[PDB]
């Protein structure tokens, strides 16, 4: 498969999964169109009891109270729907394969959430899908929709 690509600011094409390989706690990527969609994935290592941590999302430092009592890495999707609106934990992937996925498709962003090995795809709407840029902080792989079954096997089995 195609990569790794090195961390960078990326404008992702339609009909391609970004398989993103997180190597450490912190921001995994920051995704926005600056209109109706912000999404940042915070990674939290196993056995973190509720505590406050500082993260730098979209050029501003921000504190989140995070906990992971599981023996599995947790990837918290932090969504907001306008620039002047506050962040929410919309979805959680719990996985020791430490891969997230992102796909621009059919005027929606699809991602993996739930627990491996039965993590599943879910969509989020946007009215400006094409102007979604993304700062990715780890090595990533590009998979075509043509090979979408492979993206699935990797999220859930590594």
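Positions refer to the first chain, counted from 1.
Student: Quick check on the record: does 92-100 or 50-58 carry the larger mean Cα temperature factor?
Tutor: The stretch with the larger mean CA B-factor is 50-58.
Student: If you average the CA temperature factors as listed in the entry, which stretch comes out higher, 63-71 or 119-127?
Tutor: Comparing averages over the C-alpha atoms only gives 63-71.
Student: Ranking the modelled residues of this chain by C-alpha B-factor as given in the entry, is residue 152 in the lowest, middle or highest third?
Tutor: Tercile = highest for this residue's CA B-factor.
Student: Can you tell me which third, lowest, middle or highest, the CA B-factor of residue 76 falls into for its chain?
Tutor: Answer is lowest: the recorded C-alpha B-factor places it there.
Student: Going by the recorded CA B-factors, say which third of the chain residue 10 sits in, lowest, middle or highest.
Tutor: As the PDB entry reports it, the C-alpha B-factor of residue 10 lands in the highest third of its chain.
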